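S.K.: Mind having a look at this structure? Questions to follow.
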Amino acid sequence: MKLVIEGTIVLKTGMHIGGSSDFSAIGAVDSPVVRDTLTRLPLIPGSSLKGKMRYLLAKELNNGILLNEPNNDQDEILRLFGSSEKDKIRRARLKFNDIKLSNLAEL
RNA sequence: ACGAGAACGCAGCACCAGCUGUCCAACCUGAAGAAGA
C-alpha cells in the first residue's frame with residue numbers, strides 16, 4: 001500500500017534553497033530563492049530535499065565515504081530513492097513533493 | 001466489425017562549491033560658582 005509521511009521543516013537559520021530568477025524586475029535580487037509560481041510563496045523543491053537526504057544517508061550507510069555513483073551506493077539507498085541501472089531498475093519507494101511555506105499568516 | 005488493438009516519454013540527478021558587510025573618523029568647540037554698597 002501507500003504511506004504518507006507528514007512533518008514540518010522549521011528554518012533555524014535563513015535558507016537559500018533557490019535558483020529561480022524569473023518574472024518581475026520590480027527590484028528583485030540577482031540570486032532569488034525558488035518560489036511557487038502562482039502563490040509566490042517560497043518553496044522547498046522535493047528534488048533538493050531528496051538529493052540532500054540521499055547524499056547524507058548514502059554517506060552514513062557506507063559509512064562516512066561517498067565517492068560512488070548514485071546508482072551504485074547501497075541496496076537500502078537504492079530501494080528508498082530509486083536506481084536507473086540498465087539491468088536492475090530499482091524503483092523509488094519514497095515520492096518527495098515540493099514544499100511550500102505554510103505559516104505565512106504567522107509571519 | 002474504424003490501418004486498427006494493446007502501450008505512462010518514463011527511470012537515477014541537492015542550483016550547488018569558495019567568499020568577514022568590511023575600511024578610514026576624539027562627541028568635539030567658547031564658558032571665573034559669580035557678583036550690590
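All residue names refer to the C-alpha cells as shown: chains lettered A, B, ... in order, residues numbered from 1 in each chain, ligands numbered from 1 in order.
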Compute the chain B side of the contact with chain A at 6 Å, counting only C-alpha atoms (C1' of nucleotides), and hand it back as a PDB file with C-alpha atoms (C1' of nucleotides), in the first residue's frame.
M.R.:
```pdb
ATOM      1  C1'   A B  11      13.664   5.795 -14.868  1.00  0.00           C
ATOM      2  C1'   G B  12      18.519   7.838 -11.456  1.00  0.00           C
ATOM      3  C1'   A B  14      20.820  18.670  -3.833  1.00  0.00           C
ATOM      4  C1'   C B  15      21.055  25.139  -8.234  1.00  0.00           C
TER       5        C B  15
END
```
S.K.: Using only C-alpha atoms, which of the listed residues (A:1, A:104, A:44, A:38) sits closest to residue 15 in chain A?
M.R.: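 Checking each of A:1, A:104, A:44, A:38 against residue 15 in chain A, counting only C-alpha atoms, the winner is A:44.
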S.K.: Going by DSSP on the backbone, which bits of chain A are helix (DSSP H, G or I)? Write them as a ChimeraX atom specification, please.
M.R.: /A:46-60,75-81
S.K.: Now that the selection is made, can you save its residues with N, CA, C and O atoms as an mmCIF file, in the first residue's frame?
M.R.:
```cif
data_model
loop_
_atom_site.group_PDB
_atom_site.id
_atom_site.type_symbol
_atom_site.label_atom_id
_atom_site.label_comp_id
_atom_site.auth_asym_id
_atom_site.auth_seq_id
_atom_site.Cartn_x
_atom_site.Cartn_y
_atom_site.Cartn_z
ATOM 1 N N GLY A 46 11.120 19.270 -3.900
ATOM 2 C CA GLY A 46 11.283 17.896 -3.465
ATOM 3 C C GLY A 46 12.589 17.298 -3.934
ATOM 4 O O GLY A 46 13.132 16.398 -3.290
ATOM 5 N N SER A 47 13.111 17.790 -5.058
ATOM 6 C CA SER A 47 14.386 17.301 -5.566
ATOM 7 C C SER A 47 15.544 17.724 -4.669
ATOM 8 O O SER A 47 16.461 16.936 -4.430
ATOM 9 N N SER A 48 15.516 18.956 -4.153
ATOM 10 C CA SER A 48 16.572 19.409 -3.250
ATOM 11 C C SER A 48 16.602 18.577 -1.976
ATOM 12 O O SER A 48 17.658 18.080 -1.563
ATOM 13 N N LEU A 49 15.442 18.420 -1.338
ATOM 14 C CA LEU A 49 15.365 17.629 -0.116
ATOM 15 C C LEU A 49 15.741 16.179 -0.378
ATOM 16 O O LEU A 49 16.494 15.578 0.396
ATOM 17 N N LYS A 50 15.245 15.605 -1.478
ATOM 18 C CA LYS A 50 15.570 14.220 -1.796
ATOM 19 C C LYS A 50 17.061 14.037 -2.032
ATOM 20 O O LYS A 50 17.656 13.078 -1.537
ATOM 21 N N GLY A 51 17.683 14.946 -2.784
ATOM 22 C CA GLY A 51 19.098 14.805 -3.071
ATOM 23 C C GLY A 51 19.964 14.961 -1.841
ATOM 24 O O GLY A 51 20.877 14.163 -1.610
ATOM 25 N N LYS A 52 19.681 15.976 -1.021
ATOM 26 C CA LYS A 52 20.456 16.162 0.200
ATOM 27 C C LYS A 52 20.282 14.984 1.150
ATOM 28 O O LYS A 52 21.261 14.482 1.719
ATOM 29 N N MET A 53 19.043 14.511 1.316
ATOM 30 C CA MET A 53 18.787 13.379 2.196
ATOM 31 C C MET A 53 19.458 12.112 1.686
ATOM 32 O O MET A 53 20.035 11.351 2.470
ATOM 33 N N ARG A 54 19.389 11.862 0.376
ATOM 34 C CA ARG A 54 20.029 10.682 -0.188
ATOM 35 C C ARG A 54 21.537 10.749 -0.022
ATOM 36 O O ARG A 54 22.175 9.743 0.297
ATOM 37 N N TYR A 55 22.125 11.927 -0.236
ATOM 38 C CA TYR A 55 23.563 12.085 -0.063
ATOM 39 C C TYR A 55 23.975 11.786 1.373
ATOM 40 O O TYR A 55 24.903 11.002 1.618
ATOM 41 N N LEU A 56 23.270 12.379 2.341
ATOM 42 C CA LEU A 56 23.624 12.168 3.741
ATOM 43 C C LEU A 56 23.432 10.713 4.154
ATOM 44 O O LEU A 56 24.291 10.135 4.832
ATOM 45 N N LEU A 57 22.317 10.098 3.749
ATOM 46 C CA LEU A 57 22.064 8.704 4.102
ATOM 47 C C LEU A 57 23.071 7.762 3.456
ATOM 48 O O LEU A 57 23.546 6.820 4.099
ATOM 49 N N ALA A 58 23.395 7.984 2.180
ATOM 50 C CA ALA A 58 24.345 7.123 1.493
ATOM 51 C C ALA A 58 25.730 7.241 2.106
ATOM 52 O O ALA A 58 26.455 6.246 2.215
ATOM 53 N N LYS A 59 26.123 8.453 2.508
ATOM 54 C CA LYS A 59 27.380 8.599 3.230
ATOM 55 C C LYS A 59 27.336 7.875 4.569
ATOM 56 O O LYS A 59 28.305 7.213 4.955
ATOM 57 N N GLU A 60 26.215 7.978 5.288
ATOM 58 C CA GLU A 60 26.139 7.384 6.619
ATOM 59 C C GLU A 60 26.022 5.864 6.566
ATOM 60 O O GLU A 60 26.446 5.182 7.504
ATOM 61 N N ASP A 75 22.041 -0.904 -1.242
ATOM 62 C CA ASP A 75 20.742 -1.502 -1.529
ATOM 63 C C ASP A 75 19.624 -0.751 -0.819
ATOM 64 O O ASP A 75 18.567 -0.494 -1.408
ATOM 65 N N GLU A 76 19.840 -0.384 0.446
ATOM 66 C CA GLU A 76 18.838 0.383 1.178
ATOM 67 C C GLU A 76 18.598 1.736 0.522
ATOM 68 O O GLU A 76 17.446 2.159 0.344
ATOM 69 N N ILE A 77 19.675 2.416 0.128
ATOM 70 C CA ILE A 77 19.537 3.712 -0.525
ATOM 71 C C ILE A 77 18.837 3.564 -1.867
ATOM 72 O O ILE A 77 17.968 4.367 -2.217
ATOM 73 N N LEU A 78 19.208 2.545 -2.646
ATOM 74 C CA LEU A 78 18.598 2.369 -3.959
ATOM 75 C C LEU A 78 17.116 2.044 -3.846
ATOM 76 O O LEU A 78 16.305 2.543 -4.634
ATOM 77 N N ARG A 79 16.736 1.217 -2.873
ATOM 78 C CA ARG A 79 15.328 0.871 -2.738
ATOM 79 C C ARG A 79 14.516 2.019 -2.152
ATOM 80 O O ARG A 79 13.312 2.109 -2.408
ATOM 81 N N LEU A 80 15.142 2.903 -1.368
ATOM 82 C CA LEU A 80 14.407 4.065 -0.878
ATOM 83 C C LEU A 80 14.284 5.160 -1.933
ATOM 84 O O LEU A 80 13.235 5.801 -2.042
ATOM 85 N N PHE A 81 15.335 5.389 -2.722
ATOM 86 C CA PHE A 81 15.393 6.547 -3.602
ATOM 87 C C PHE A 81 15.346 6.215 -5.084
ATOM 88 O O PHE A 81 15.112 7.119 -5.890
#
```
S.K.: I need the strand (DSSP E or B) residues of range 2-107 of chain A per DSSP on the backbone, written as a ChimeraX atom specification.
M.R.: /A:35,42-44,83-84,89-90,99-100
S.K.: Next, write the just-selected residues to a file, as a compact mmCIF listing (two decimals), in the first residue's frame, keeping N, CA, C and O atoms as the atom set.
M.R.:
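Contents of the output file selection.txt:
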```txt
# COMPACT_ATOMS: atom_id res chain seq x y z
N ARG A 35 10.40 30.08 -5.71
CA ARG A 35 9.08 30.36 -5.18
C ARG A 35 8.05 29.55 -5.95
O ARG A 35 8.28 29.14 -7.09
N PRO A 42 7.63 31.15 -0.98
CA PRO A 42 8.91 30.42 -1.02
C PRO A 42 8.67 28.92 -0.92
O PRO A 42 7.77 28.46 -0.22
N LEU A 43 9.48 28.16 -1.66
CA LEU A 43 9.22 26.75 -1.87
C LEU A 43 10.49 25.94 -1.64
O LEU A 43 11.59 26.39 -1.96
N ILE A 44 10.33 24.76 -1.06
CA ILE A 44 11.41 23.78 -0.94
C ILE A 44 11.17 22.71 -1.99
O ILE A 44 10.21 21.93 -1.86
N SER A 83 16.82 3.44 -8.47
CA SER A 83 18.01 3.15 -9.26
C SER A 83 17.61 2.95 -10.71
O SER A 83 16.68 2.20 -11.00
N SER A 84 18.31 3.63 -11.61
CA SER A 84 18.06 3.53 -13.04
C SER A 84 19.10 2.67 -13.76
O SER A 84 19.35 2.87 -14.95
N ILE A 89 16.62 -2.01 -12.66
CA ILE A 89 15.81 -0.82 -12.43
C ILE A 89 15.16 -0.99 -11.06
O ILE A 89 14.16 -1.69 -10.92
N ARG A 90 15.72 -0.34 -10.05
CA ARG A 90 15.12 -0.32 -8.72
C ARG A 90 14.26 0.94 -8.61
O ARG A 90 14.75 2.05 -8.84
N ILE A 99 7.54 21.56 -1.42
CA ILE A 99 7.03 22.01 -0.13
C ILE A 99 6.92 23.52 -0.17
O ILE A 99 7.92 24.22 -0.40
N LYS A 100 5.72 24.04 0.06
CA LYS A 100 5.50 25.48 0.13
C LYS A 100 5.58 25.96 1.57
O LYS A 100 5.42 25.19 2.52
```
S.K.: Near residue 9 in chain A, within 10 Å and counting only C-alpha atoms (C1' of nucleotides), which residues show up once chain neighbours fewer than 2 positions away are dropped, as a ChimeraX atom specification?
M.R.: /A:7,11-12,44,99,101-102
S.K.: Those same residues, written as a PDB file, in the first residue's frame with C-alpha atoms?
M.R.:
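again_12.pdb, written as the output of this step:
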```pdb
ATOM      1  CA  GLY A   7       6.036  16.605   9.026  1.00  0.00           C
ATOM      2  CA  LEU A  11      14.166  27.018   9.472  1.00  0.00           C
ATOM      3  CA  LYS A  12      16.575  27.515  12.357  1.00  0.00           C
ATOM      4  CA  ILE A  44      11.409  23.781  -0.936  1.00  0.00           C
ATOM      5  CA  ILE A  99       7.029  22.010  -0.127  1.00  0.00           C
ATOM      6  CA  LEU A 101       5.790  27.884   3.032  1.00  0.00           C
ATOM      7  CA  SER A 102       2.959  27.010   5.408  1.00  0.00           C
TER       8      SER A 102
END
```
